[PDB]
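J.: You'll find coords-v5.tsv just under this line, and it carries TSV, C-alpha atoms (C1' of nucleotides).
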chain	number	residue	atom	x	y	z
A	4	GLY	CA	0.00	0.00	0.00
A	5	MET	CA	0.91	3.66	-0.43
A	6	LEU	CA	1.70	6.06	2.40
A	7	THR	CA	2.65	9.71	2.75
A	8	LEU	CA	6.25	10.75	3.39
A	9	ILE	CA	5.24	11.96	6.86
A	10	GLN	CA	3.86	8.52	7.70
A	11	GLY	CA	7.06	7.06	6.24
A	12	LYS	CA	9.25	9.11	8.58
A	13	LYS	CA	7.10	8.10	11.56
A	14	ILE	CA	7.36	4.43	10.55
A	15	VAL	CA	11.15	4.57	10.13
A	16	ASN	CA	11.64	6.41	13.43
A	17	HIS	CA	9.70	3.62	15.15
A	18	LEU	CA	11.86	0.86	13.65
A	19	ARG	CA	15.27	2.45	14.33
A	20	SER	CA	15.19	1.26	17.95
A	21	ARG	CA	13.18	-1.95	17.36
A	22	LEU	CA	15.10	-4.13	14.89
A	23	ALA	CA	17.20	-7.15	15.75
A	24	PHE	CA	18.36	-10.57	14.60
A	25	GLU	CA	18.95	-13.78	16.54
A	26	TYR	CA	22.49	-15.18	16.30
A	27	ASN	CA	22.59	-18.89	17.25
A	28	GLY	CA	19.66	-18.41	19.63
A	29	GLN	CA	20.61	-15.08	21.22
A	30	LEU	CA	18.96	-11.91	19.96
A	31	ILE	CA	21.30	-9.09	18.89
A	32	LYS	CA	19.83	-5.69	17.93
A	33	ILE	CA	20.89	-3.50	14.97
A	34	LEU	CA	22.10	-0.06	15.95
A	35	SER	CA	20.49	3.07	14.48
A	36	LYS	CA	24.01	4.06	13.38
A	37	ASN	CA	23.92	1.10	10.97
A	38	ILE	CA	20.39	1.85	9.62
A	39	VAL	CA	20.01	4.12	6.58
A	40	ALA	CA	16.69	5.22	5.07
A	41	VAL	CA	16.86	4.85	1.27
A	42	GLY	CA	14.64	4.45	-1.79
A	43	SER	CA	11.92	6.95	-2.65
A	44	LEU	CA	11.95	7.96	1.02
A	45	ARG	CA	15.46	9.42	0.74
A	46	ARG	CA	14.43	11.13	-2.52
A	47	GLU	CA	11.64	12.79	-0.49
A	48	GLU	CA	8.74	11.95	-2.78
A	49	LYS	CA	5.27	12.89	-1.70
A	50	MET	CA	3.84	9.39	-2.14
A	51	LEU	CA	5.57	6.10	-1.48
A	52	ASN	CA	4.65	2.57	-2.45
A	53	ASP	CA	7.16	1.06	0.01
A	54	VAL	CA	9.61	1.87	2.82
A	55	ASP	CA	13.21	0.91	2.01
A	56	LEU	CA	15.96	0.73	4.63
A	57	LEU	CA	19.56	-0.41	4.23
A	58	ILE	CA	21.31	-2.14	7.15
A	59	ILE	CA	25.10	-2.06	7.42
A	60	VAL	CA	26.53	-5.37	8.66
A	61	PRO	CA	29.94	-4.80	10.27
A	62	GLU	CA	31.22	-8.33	9.50
A	63	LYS	CA	30.93	-10.54	6.41
A	64	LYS	CA	30.13	-13.70	8.41
A	65	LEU	CA	26.93	-12.15	9.81
A	66	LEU	CA	25.21	-11.98	6.40
A	67	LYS	CA	24.07	-15.55	7.08
A	68	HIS	CA	22.16	-14.48	10.17
A	69	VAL	CA	20.88	-10.88	9.90
A	70	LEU	CA	18.12	-10.82	7.28
A	71	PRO	CA	16.97	-14.49	7.53
A	72	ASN	CA	16.62	-14.09	11.33
A	73	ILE	CA	15.26	-10.52	11.30
A	74	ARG	CA	13.03	-9.64	14.27
A	75	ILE	CA	10.86	-6.59	14.97
A	76	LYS	CA	9.92	-5.64	18.54
A	77	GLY	CA	6.15	-5.88	18.99
A	78	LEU	CA	4.86	-5.56	15.43
A	79	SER	CA	2.91	-7.96	13.22
A	80	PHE	CA	4.56	-8.77	9.90
A	81	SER	CA	4.77	-11.58	7.37
A	82	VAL	CA	7.66	-12.58	5.12
A	83	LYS	CA	7.18	-12.18	1.37
A	84	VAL	CA	10.68	-13.29	0.30
A	85	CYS	CA	13.97	-13.16	2.16
A	86	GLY	CA	17.61	-13.96	1.48
A	87	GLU	CA	20.98	-12.78	2.76
A	88	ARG	CA	20.90	-9.55	0.72
A	89	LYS	CA	17.23	-8.57	0.28
A	90	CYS	CA	14.24	-9.02	2.59
A	91	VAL	CA	10.69	-7.88	1.78
A	92	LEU	CA	8.22	-7.46	4.66
A	93	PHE	CA	4.49	-6.84	4.84
A	94	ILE	CA	4.21	-4.76	8.03
A	95	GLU	CA	1.05	-3.89	9.98
A	96	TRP	CA	0.99	-0.20	10.93
A	97	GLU	CA	-2.11	1.04	12.80
A	98	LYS	CA	-4.58	-1.41	11.23
A	99	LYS	CA	-3.02	-1.12	7.75
A	100	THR	CA	-0.51	-3.07	5.66
A	101	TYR	CA	2.60	-1.52	4.10
A	102	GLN	CA	5.48	-3.07	2.16
A	103	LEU	CA	8.84	-2.73	3.94
A	104	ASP	CA	12.02	-3.63	2.05
A	105	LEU	CA	15.33	-4.29	3.82
A	106	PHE	CA	18.77	-4.63	2.26
A	107	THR	CA	22.27	-5.28	3.57
A	108	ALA	CA	25.72	-3.89	2.81
A	109	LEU	CA	29.09	-4.35	4.47
A	110	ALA	CA	31.24	-1.43	5.62
A	111	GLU	CA	33.66	-1.54	2.66
A	112	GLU	CA	30.66	-1.23	0.32
A	113	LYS	CA	28.47	1.29	2.19
A	114	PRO	CA	28.94	4.28	-0.19
A	115	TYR	CA	28.42	2.20	-3.34
A	116	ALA	CA	25.25	0.69	-1.86
A	117	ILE	CA	23.69	3.98	-0.70
A	118	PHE	CA	24.12	5.29	-4.25
A	119	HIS	CA	22.39	2.21	-5.68
A	120	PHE	CA	19.42	1.96	-3.30
A	121	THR	CA	18.30	5.60	-3.43
A	122	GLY	CA	17.94	5.76	-7.20
A	123	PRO	CA	15.94	6.47	-9.08
A	124	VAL	CA	16.30	3.74	-11.71
A	125	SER	CA	16.46	6.06	-14.74
A	126	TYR	CA	19.21	8.07	-13.04
A	127	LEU	CA	21.42	5.01	-12.52
A	128	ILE	CA	20.74	3.54	-15.98
A	129	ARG	CA	22.26	6.68	-17.49
A	130	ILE	CA	25.19	6.76	-15.04
A	131	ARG	CA	26.10	3.08	-15.47
A	132	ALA	CA	25.62	3.23	-19.25
A	133	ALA	CA	28.11	6.12	-19.37
A	134	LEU	CA	30.63	4.07	-17.38
A	135	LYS	CA	29.81	0.98	-19.46
A	136	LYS	CA	31.16	2.78	-22.54
A	137	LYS	CA	34.51	3.25	-20.79
A	138	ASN	CA	34.70	-0.46	-19.88
A	139	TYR	CA	33.53	-0.08	-16.28
A	140	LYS	CA	30.86	-1.94	-14.33
A	141	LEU	CA	29.33	-0.28	-11.27
A	142	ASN	CA	27.02	-2.08	-8.83
A	143	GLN	CA	25.91	-1.92	-5.20
A	144	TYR	CA	29.25	-3.50	-4.24
A	145	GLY	CA	31.90	-1.49	-6.08
A	146	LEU	CA	33.28	-0.21	-9.36
A	147	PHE	CA	35.00	-2.77	-11.57
A	148	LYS	CA	37.44	-2.68	-14.48
A	149	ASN	CA	38.63	-6.05	-15.84
A	150	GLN	CA	36.80	-8.24	-13.29
A	151	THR	CA	38.77	-6.41	-10.55
A	152	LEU	CA	37.71	-3.96	-7.85
A	153	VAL	CA	38.91	-0.40	-8.46
A	154	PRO	CA	40.35	0.96	-5.18
A	155	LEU	CA	38.77	4.39	-4.64
A	156	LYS	CA	40.09	6.22	-1.57
A	157	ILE	CA	36.53	7.25	-0.68
A	158	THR	CA	34.19	7.02	2.29
A	159	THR	CA	30.96	8.94	1.65
A	160	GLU	CA	28.51	8.50	-1.21
A	161	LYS	CA	29.21	12.13	-2.16
A	162	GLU	CA	32.94	11.51	-2.69
A	163	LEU	CA	32.06	8.47	-4.81
A	164	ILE	CA	29.75	10.33	-7.20
A	165	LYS	CA	32.40	13.00	-7.78
A	166	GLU	CA	35.15	10.39	-8.22
A	167	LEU	CA	33.08	8.64	-10.90
A	168	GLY	CA	33.09	11.90	-12.86
A	169	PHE	CA	29.71	13.48	-12.16
A	170	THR	CA	28.53	16.33	-9.96
A	171	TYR	CA	26.93	15.57	-6.62
A	172	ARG	CA	23.20	16.27	-6.39
A	173	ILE	CA	21.03	16.26	-3.31
A	174	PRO	CA	19.02	12.99	-3.50
A	175	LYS	CA	15.75	14.86	-4.08
A	176	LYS	CA	17.04	16.42	-7.35
A	177	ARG	CA	18.21	13.18	-8.98
A	178	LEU	CA	15.97	12.25	-11.91
B	4	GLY	CA	26.62	-71.02	-16.09
B	5	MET	CA	29.87	-72.90	-16.65
B	6	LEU	CA	30.94	-74.51	-19.91
B	7	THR	CA	33.91	-76.47	-21.20
B	8	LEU	CA	36.59	-74.83	-23.32
B	9	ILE	CA	35.48	-76.95	-26.29
B	10	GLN	CA	31.93	-75.61	-25.97
B	11	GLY	CA	33.45	-72.14	-25.62
B	12	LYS	CA	35.31	-72.45	-28.92
B	13	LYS	CA	32.16	-73.70	-30.65
B	14	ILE	CA	30.16	-70.78	-29.23
B	15	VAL	CA	32.75	-68.20	-30.32
B	16	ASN	CA	33.06	-69.69	-33.81
B	17	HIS	CA	29.29	-69.34	-34.17
B	18	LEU	CA	29.28	-65.66	-33.18
B	19	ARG	CA	32.21	-64.54	-35.36
B	20	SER	CA	29.95	-64.34	-38.43
B	21	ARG	CA	26.73	-63.38	-36.60
B	22	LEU	CA	27.34	-60.12	-34.73
B	23	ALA	CA	26.22	-56.68	-35.82
B	24	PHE	CA	25.00	-53.28	-34.66
B	25	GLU	CA	22.41	-50.93	-36.12
B	26	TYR	CA	23.70	-47.46	-37.03
B	27	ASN	CA	20.84	-44.94	-37.32
B	28	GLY	CA	18.46	-47.68	-38.44
B	29	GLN	CA	20.74	-49.64	-40.80
B	30	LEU	CA	22.39	-52.80	-39.54
B	31	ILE	CA	26.20	-52.99	-39.92
B	32	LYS	CA	28.00	-56.25	-39.05
B	33	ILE	CA	31.30	-56.57	-37.12
B	34	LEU	CA	34.05	-58.31	-39.03
B	35	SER	CA	35.78	-61.39	-37.60
B	36	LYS	CA	39.05	-59.48	-38.10
B	37	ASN	CA	37.87	-57.06	-35.38
B	38	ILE	CA	36.73	-59.81	-32.94
B	39	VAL	CA	39.23	-61.17	-30.39
B	40	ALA	CA	38.53	-63.99	-27.93
B	41	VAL	CA	39.83	-62.99	-24.49
B	42	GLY	CA	39.36	-63.75	-20.79
B	43	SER	CA	39.75	-67.24	-19.37
B	44	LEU	CA	39.06	-68.53	-22.89
B	45	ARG	CA	42.33	-67.09	-24.21
B	46	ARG	CA	44.13	-68.47	-21.13
B	47	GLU	CA	42.79	-71.90	-22.18
B	48	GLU	CA	41.30	-72.94	-18.85
B	49	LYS	CA	39.41	-76.18	-18.67
B	50	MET	CA	36.28	-74.64	-17.15
B	51	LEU	CA	34.82	-71.23	-17.87
B	52	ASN	CA	32.18	-69.21	-16.07
B	53	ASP	CA	31.74	-66.82	-19.01
B	54	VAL	CA	32.73	-66.16	-22.63
B	55	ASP	CA	34.58	-62.87	-23.11
B	56	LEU	CA	35.15	-61.27	-26.51
B	57	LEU	CA	36.72	-57.91	-27.35
B	58	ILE	CA	35.48	-55.96	-30.38
B	59	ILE	CA	37.76	-53.44	-32.09
B	60	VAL	CA	35.88	-50.33	-33.23
B	61	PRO	CA	37.75	-48.63	-36.08
B	62	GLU	CA	36.39	-45.14	-35.29
B	63	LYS	CA	35.85	-43.28	-32.01
B	64	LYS	CA	32.42	-41.93	-33.01
B	65	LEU	CA	31.00	-45.46	-33.32
B	66	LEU	CA	31.36	-46.21	-29.59
B	67	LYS	CA	27.93	-44.60	-29.18
B	68	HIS	CA	26.32	-47.18	-31.44
B	69	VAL	CA	28.13	-50.55	-31.29
B	70	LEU	CA	27.47	-52.08	-27.86
B	71	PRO	CA	24.14	-50.33	-27.06
B	72	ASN	CA	22.75	-51.47	-30.45
B	73	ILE	CA	24.40	-54.92	-30.48
B	74	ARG	CA	22.50	-57.57	-32.47
B	75	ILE	CA	23.01	-61.32	-32.78
B	76	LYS	CA	21.73	-63.23	-35.82
B	77	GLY	CA	19.08	-65.74	-34.75
B	78	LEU	CA	19.86	-66.28	-31.08
B	79	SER	CA	17.85	-65.57	-27.93
B	80	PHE	CA	19.57	-63.32	-25.41
B	81	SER	CA	18.72	-60.78	-22.72
B	82	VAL	CA	20.67	-57.72	-21.62
B	83	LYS	CA	22.08	-57.71	-18.09
B	84	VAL	CA	23.87	-54.34	-18.27
B	85	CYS	CA	25.27	-52.46	-21.25
B	86	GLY	CA	27.21	-49.27	-21.88
B	87	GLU	CA	29.61	-47.98	-24.53
B	88	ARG	CA	32.56	-49.97	-23.17
B	89	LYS	CA	31.16	-53.13	-21.52
B	90	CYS	CA	28.13	-55.26	-22.41
B	91	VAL	CA	27.05	-58.38	-20.51
B	92	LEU	CA	24.72	-60.85	-22.25
B	93	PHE	CA	22.79	-63.89	-21.10
B	94	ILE	CA	22.84	-66.08	-24.22
B	95	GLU	CA	20.76	-69.19	-24.93
B	96	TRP	CA	22.91	-71.99	-26.38
B	97	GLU	CA	21.15	-75.31	-27.10
B	98	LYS	CA	18.55	-75.03	-24.33
B	99	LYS	CA	21.03	-73.59	-21.81
B	100	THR	CA	22.02	-70.15	-20.55
B	101	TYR	CA	25.60	-68.83	-20.57
B	102	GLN	CA	27.04	-65.43	-19.65
B	103	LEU	CA	28.65	-63.64	-22.60
B	104	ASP	CA	30.70	-60.49	-21.96
B	105	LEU	CA	31.59	-58.04	-24.72
B	106	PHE	CA	34.07	-55.17	-24.55
B	107	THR	CA	35.26	-52.50	-26.98
B	108	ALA	CA	38.63	-50.97	-27.83
B	109	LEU	CA	39.75	-48.59	-30.56
B	110	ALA	CA	42.65	-49.34	-32.90
B	111	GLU	CA	45.19	-47.11	-31.12
B	112	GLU	CA	44.46	-49.02	-27.89
B	113	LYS	CA	44.14	-52.61	-29.17
B	114	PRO	CA	47.41	-54.00	-27.67
B	115	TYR	CA	46.85	-52.38	-24.27
B	116	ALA	CA	43.30	-53.76	-24.15
B	117	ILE	CA	44.17	-57.33	-25.15
B	118	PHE	CA	46.69	-57.38	-22.30
B	119	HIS	CA	44.05	-56.17	-19.84
B	120	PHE	CA	41.15	-58.44	-20.83
B	121	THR	CA	43.03	-61.76	-20.88
B	122	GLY	CA	44.36	-61.50	-17.34
B	123	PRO	CA	44.34	-63.08	-14.98
B	124	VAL	CA	43.68	-60.48	-12.28
B	125	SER	CA	46.53	-61.50	-9.96
B	126	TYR	CA	48.96	-61.30	-12.89
B	127	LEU	CA	48.00	-57.70	-13.70
B	128	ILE	CA	47.89	-56.57	-10.06
B	129	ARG	CA	51.57	-57.48	-9.77
B	130	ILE	CA	52.49	-55.91	-13.13
B	131	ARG	CA	50.67	-52.63	-12.49
B	132	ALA	CA	51.92	-52.44	-8.90
B	133	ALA	CA	55.49	-52.74	-10.21
B	134	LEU	CA	54.86	-49.88	-12.64
B	135	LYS	CA	53.01	-47.92	-9.94
B	136	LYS	CA	56.26	-47.76	-7.94
B	137	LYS	CA	57.98	-46.06	-10.89
B	138	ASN	CA	55.18	-43.46	-11.19
B	139	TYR	CA	53.35	-45.13	-14.07
B	140	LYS	CA	49.68	-45.98	-14.53
B	141	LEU	CA	48.72	-48.71	-17.00
B	142	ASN	CA	45.13	-49.44	-18.04
B	143	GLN	CA	43.17	-50.91	-20.94
B	144	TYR	CA	43.76	-47.65	-22.83
B	145	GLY	CA	47.48	-46.94	-22.50
B	146	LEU	CA	50.46	-46.34	-20.25
B	147	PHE	CA	50.59	-42.99	-18.48
B	148	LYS	CA	53.27	-40.89	-16.78
B	149	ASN	CA	52.19	-37.47	-15.44
B	150	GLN	CA	48.58	-37.61	-16.71
B	151	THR	CA	50.00	-37.99	-20.25
B	152	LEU	CA	50.01	-40.88	-22.70
B	153	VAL	CA	53.44	-42.46	-23.19
B	154	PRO	CA	54.02	-42.96	-26.95
B	155	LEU	CA	55.21	-46.56	-27.40
B	156	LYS	CA	56.11	-47.43	-30.99
B	157	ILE	CA	54.30	-50.76	-30.61
B	158	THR	CA	51.57	-52.71	-32.38
B	159	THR	CA	51.16	-56.19	-30.88
B	160	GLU	CA	50.45	-57.10	-27.27
B	161	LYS	CA	53.75	-59.02	-27.27
B	162	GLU	CA	55.81	-55.92	-28.11
B	163	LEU	CA	53.98	-54.04	-25.35
B	164	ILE	CA	54.76	-56.55	-22.60
B	165	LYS	CA	58.45	-56.51	-23.51
B	166	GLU	CA	58.50	-52.70	-23.74
B	167	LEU	CA	57.04	-52.46	-20.22
B	168	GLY	CA	60.05	-54.43	-18.97
B	169	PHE	CA	58.81	-57.99	-18.59
B	170	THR	CA	59.21	-61.17	-20.60
B	171	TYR	CA	56.43	-62.29	-22.90
B	172	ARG	CA	54.54	-65.40	-21.80
B	173	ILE	CA	52.02	-67.39	-23.77
B	174	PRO	CA	48.60	-66.45	-22.30
B	175	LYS	CA	48.11	-69.93	-20.83
B	176	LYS	CA	51.23	-69.61	-18.60
B	177	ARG	CA	50.33	-66.24	-17.03
B	178	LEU	CA	49.43	-66.66	-13.37
C	1	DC	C1'	45.59	-52.42	-9.76
C	2	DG	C1'	42.37	-49.76	-12.49
C	3	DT	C1'	38.04	-48.88	-14.70
C	4	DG	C1'	32.70	-49.65	-16.10
C	5	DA	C1'	27.40	-49.63	-15.61
C	6	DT	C1'	23.73	-48.37	-12.75
C	7	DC	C1'	21.17	-46.24	-9.16
C	8	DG	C1'	19.62	-42.05	-6.80
C	9	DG	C1'	20.41	-37.63	-4.70
C	10	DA	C1'	22.06	-33.42	-4.20
C	11	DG	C1'	23.59	-28.06	-6.11
C	12	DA	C1'	24.79	-24.77	-9.72
C	13	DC	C1'	21.88	-23.08	-13.61
C	14	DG	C1'	18.15	-20.80	-16.69
C	15	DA	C1'	13.68	-18.80	-16.46
C	16	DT	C1'	10.75	-15.55	-14.00
C	17	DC	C1'	9.62	-11.83	-11.19
C	18	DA	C1'	11.56	-8.34	-8.44
C	19	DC	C1'	14.81	-4.43	-6.25
C	20	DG	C1'	16.94	0.41	-6.54
D	1	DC	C1'	22.09	-1.02	-16.05
D	2	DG	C1'	22.99	-4.67	-12.78
D	3	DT	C1'	21.78	-7.91	-9.26
D	4	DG	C1'	18.51	-10.84	-5.82
D	5	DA	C1'	15.08	-14.60	-4.24
D	6	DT	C1'	12.61	-18.48	-5.64
D	7	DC	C1'	11.14	-22.35	-8.28
D	8	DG	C1'	12.19	-26.75	-10.53
D	9	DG	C1'	14.92	-29.66	-13.45
D	10	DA	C1'	18.66	-31.56	-15.24
D	11	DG	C1'	24.03	-33.97	-14.95
D	12	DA	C1'	28.42	-34.87	-12.67
D	13	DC	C1'	29.29	-37.43	-8.30
D	14	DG	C1'	29.75	-41.10	-4.44
D	15	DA	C1'	28.31	-45.64	-3.27
D	16	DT	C1'	27.81	-50.36	-4.92
D	17	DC	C1'	28.61	-54.21	-7.66
D	18	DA	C1'	31.16	-55.78	-11.47
D	19	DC	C1'	35.03	-56.65	-15.34
D	20	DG	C1'	39.79	-58.53	-16.68
So, in terms of structure tokens, how does the structure I just supplied come out?
T.:
Amino acid sequence: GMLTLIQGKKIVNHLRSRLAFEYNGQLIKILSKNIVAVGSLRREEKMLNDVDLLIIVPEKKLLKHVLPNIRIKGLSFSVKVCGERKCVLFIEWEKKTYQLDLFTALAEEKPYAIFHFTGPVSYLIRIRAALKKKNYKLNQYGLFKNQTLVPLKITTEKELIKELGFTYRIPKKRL
Amino acid sequence: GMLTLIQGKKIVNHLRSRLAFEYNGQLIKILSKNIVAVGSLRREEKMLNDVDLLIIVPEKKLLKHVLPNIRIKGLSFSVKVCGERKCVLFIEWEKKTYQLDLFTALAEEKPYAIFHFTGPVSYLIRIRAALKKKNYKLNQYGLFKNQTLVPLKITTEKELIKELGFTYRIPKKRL
DNA sequence: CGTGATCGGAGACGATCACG
DNA sequence: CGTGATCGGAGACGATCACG
């Protein structure tokens, strides 16, 4: 279902403290630090068909356990599909049902992933096509030339966009 | 069932003219030239539990079609198991049932195969163990050193046995 | 010593829908 | 442009018996 951006912010603010995964029986929570609102929500659209968040896992081994054992404090939800990298929830928010998408990225790959998951799709098609015609492949995980990772001395998404050879835009003016 | 060597010779002499395979619907016969009596029959034992023959296929592509489409002129038989390299028959010979084993070898590999299929097993265990302790592997198909075929300028089984570093013995005095 | 034929069961693999 | 999750179906692969 669709929801306003204001409802979206309220929903996200609720979840920031109430997400967790169980690791061999014990329940570890995800810190707000490692939760990033993305998708149409970060683009600040008036209407949203889903709520997308991206969770930063600080260790590669934990990808096994985070999304497939995701838990939400006191909130009814069903699982649509779920793997190690993408998890789609149907959440119940005040007697209504909204689609909630979760995704995972490790620390090394955080800037590349934030750029991918905020979009929009048309914006990235044009960016990756431009880099495709210089023999580059760019994905959520990194930038590649000859099946090899290109080491960019970067940290933020903003430094990445400029290092790829385009001007940084606030997310809400990417089209 | 078991049969005398004299019955064995009579059985083999019958088959030499009456074996054939169908190749995409047409029935091609195997020439006596390319049929070699092996096993305990070649060792000339008094009693045999089977009749083993080895058929030389003059082209690698025909391995698909020879044994799996084997035909015997006017003789009742059932198939026990059958592949491209080994075929085991239950033949009916004068109101009795005898096991008939067929095997295939290409021209390149004829001497190595004749040495394998006449045996006996104890004789080859000792020969191949001796070559194993000089980093050689010998099989029905060739002699190998470092996963590579060893090119022996040989033709007959007798030249092979001497080139491997052992004296030739008539088949009936191999133990 | 070294390989073959057969059985049966798993795991990449293409097709499909989905994610930004 | 580039990848993910899921379904379902095939083909090497180990175990077993067999071949000299």
J.: Record the distance separating atom CA of residue A:67 and atom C1' of residue C:12, expressed in Å with one decimal.
T.: 19.2 Å
J.: Select from chain C every residue with an atom at most 10 Å from any atom of chain B, then for each give the shortest pair of atoms and their distance in Å to one decimal, using all atoms listed in the file, rows by chain and rising number, as CSV.
T.:
residue,atom,partner,partner_atom,distance
C:1,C1',B:128,CA,4.8
C:2,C1',B:142,CA,6.2
C:3,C1',B:142,CA,7.9
C:4,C1',B:89,CA,6.6
C:5,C1',B:86,CA,6.3
C:6,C1',B:84,CA,8.1
J.: Can you pull out every residue within 9 Å of residue B:34, counting only C-alpha atoms (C1' of nucleotides), but drop anything in the same chain fewer than 6 positions away, and send it as a ChimeraX atom specification?
T.: /B:19-20,22-23
J.: What does the structure give for the distance between atom CA of residue A:12 and atom CA of residue A:42, in Å to one decimal?
T.: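 Distance between the two atoms: 12.6 Å.
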J.: In Å, with one decimal, what is the gap from atom CA of residue A:48 to atom CA of residue A:92?
T.: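 Atom-to-atom, atom CA of residue A:48 to atom CA of residue A:92, that is 20.8 Å.
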J.: Output, as JSON, the centre and edge lengths in Å (one decimal) of the axis-aligned box that contains all listed atoms of stretch 2-16 of chain D with 5 Å of margin on each side.
T.:
{"center_x": 20.4, "center_y": -27.5, "center_z": -9.3, "size_x": 28.6, "size_y": 55.7, "size_z": 22.0}
J.: Counting all atoms listed in the file, which of B:62, B:53, B:160, B:166 gets nearest to residue B:116?
T.: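 For residue B:116, the nearest of the candidates is B:160.
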J.: Leaving out stretch 104-111 of chain B and any residue of its chain fewer than 4 positions from it, which residues lie within 9 Å of it when counting only C-alpha atoms (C1' of nucleotides), given as an MDAnalysis selection string?
T.: (chainID B and resid 53:63 66 69:70 87:93 115:117 120 143:145 158) or (chainID D and resid 19)
J.: Excluding stretch 75-80 of chain A and its own-chain neighbours fewer than 2 positions away, which residues fall within 10 Å of it when counting all atoms listed in the file? Please give them as a count of residues only.
T.: 21
J.: Residues within 7 Å of residue B:50, please, as a list in words. Count only C-alpha atoms (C1' of nucleotides); anything in the same chain fewer than 2 positions from it doesn't count.
T.: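 Returned residues: residues 5, 6, 7, 8, 48 and 52 of chain B.
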J.: Please produce an output containing C-alpha atoms for each residue in the selection, written as an mmCIF file, in the coordinates of the input.
T.:
data_model
loop_
_atom_site.group_PDB
_atom_site.id
_atom_site.type_symbol
_atom_site.label_atom_id
_atom_site.label_comp_id
_atom_site.auth_asym_id
_atom_site.auth_seq_id
_atom_site.Cartn_x
_atom_site.Cartn_y
_atom_site.Cartn_z
ATOM 1 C CA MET B 5 29.870 -72.900 -16.650
ATOM 2 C CA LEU B 6 30.940 -74.510 -19.910
ATOM 3 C CA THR B 7 33.910 -76.470 -21.200
ATOM 4 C CA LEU B 8 36.590 -74.830 -23.320
ATOM 5 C CA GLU B 48 41.300 -72.940 -18.850
ATOM 6 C CA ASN B 52 32.180 -69.210 -16.070
#
J.: List the spatial neighbours of residue D:11 as a ChimeraX atom specification - criterion: any atom at most 12 Å away, all atoms listed in the file, same-chain residues fewer than 4 positions off excluded.
T.: /C:9-13
J.: Could you write out that same residue set with C-alpha atoms (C1' of nucleotides) as a short mmCIF file (atom, residue, chain, number, x, y, z; two decimals), keeping the file's coordinate frame?
T.:
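As a result, selection.cif now contains:
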data_model
loop_
_atom_site.label_atom_id
_atom_site.label_comp_id
_atom_site.auth_asym_id
_atom_site.auth_seq_id
_atom_site.Cartn_x
_atom_site.Cartn_y
_atom_site.Cartn_z
"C1'" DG C 9 20.41 -37.63 -4.70
"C1'" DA C 10 22.06 -33.42 -4.20
"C1'" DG C 11 23.59 -28.06 -6.11
"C1'" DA C 12 24.79 -24.77 -9.72
"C1'" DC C 13 21.88 -23.08 -13.61
#
